[PDB]
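Single chain ahead, written as structure tokens, the form deposited in one PDB entry.
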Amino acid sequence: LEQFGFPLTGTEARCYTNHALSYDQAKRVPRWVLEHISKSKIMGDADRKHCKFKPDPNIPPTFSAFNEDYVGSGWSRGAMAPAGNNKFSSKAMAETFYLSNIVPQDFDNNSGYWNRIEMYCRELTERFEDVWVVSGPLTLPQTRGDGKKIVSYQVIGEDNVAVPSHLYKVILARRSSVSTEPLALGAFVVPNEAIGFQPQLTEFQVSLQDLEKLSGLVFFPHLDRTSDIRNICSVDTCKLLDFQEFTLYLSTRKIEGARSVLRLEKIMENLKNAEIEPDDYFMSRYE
């Protein structure tokens, strides 16, 4: 037949401590990243200050990306499987810093709208027992003034790492293992750019048949497309943290300044459109 072997596409599913991915060796980015989060996963003392980005040892160095392709590129290192969903295990969080989970993402988008969607996925664990999330990059076309549709994206670094125009996220949530309740599903596609608090998450929702036709993937193939599957934005709220709750959450976590910056935190919070904190706030214990 053909004994020298078929060409290796390199799209083998690679499982880790808490996430699995399929690599795009031509774009140096993942095709899709799948993870499972529960009430137990997001709880833990594993800190991300000990972990830093490094290439995946299992990815062959010919197709692996590196930090040289990201540092001065004007783009951020955006993880698809977030470190916040792996607080229980230091090994699982450390594997999320492999560049086989990273895509070039806008700074404000990574820290803003995409960070709010990741928090909403963690918030769904407070209403569902098991939540599956599929995240990945996209490079969608654009219709020009002459009717011609053209795909165009950017590559950065010596290893041409593709910079996606849009990002997609697929959320599948199960209420309880001991329950006949139907499942909730939602597919969202957001552009890789800074987004404020005006557009709701429902404004970026698309049908699953349209995302599969766009990304060329088939999500959750072991699932039957019966009438049982319900939209996640009807069973749940699909609302992200507004300006108040988000700024209050960030100010609660940034409380470890350990200096006069502690008072500068309430300063920025005070002029931040009148907001107050209910818990124990800056219990300053400074010599």
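Definition used throughout: the rigid core is the maximal C-alpha set that superposes within 1.5 Å between two forms. Heads up: residue numbers just count along the shown sequence, starting at 1.
Another form exists, deposited in another entry; not displayed. Remarks below refer to it.
Peer 1: Superpose on the rigid core and name the single residue from 223, 43, 26, 261 whose Cα moves by 2 angstroms or more between this form and the one not shown.
Peer 2: The listed residue whose C-alpha shifts by at least 2 Å is 261.
Peer 1: If you line up the core, does residue 15 shift 2 angstroms or more at its C-alpha between this form and the one not shown?
Peer 2: No, because once the rigid core is superposed, the C-alpha of residue 15 moves less than 2 Å between this form and the one not shown.
Peer 1: Relative to what is shown, are the Cα atoms of residue 246 and residue 271 closer or farther apart in the other entry, where the gap shifts by 3 Å or more?
Peer 2: Distance between the C-alphas of residue 246 and residue 271: shorter in the other entry, by 3 Å or more.
Peer 1: Is the CA-CA spacing of residue 196 and residue 268 tighter or wider in the other entry than here, given a 3 Å or more change?
Peer 2: They are farther apart; the C-alpha distance rises by 3 Å or more in the other entry.
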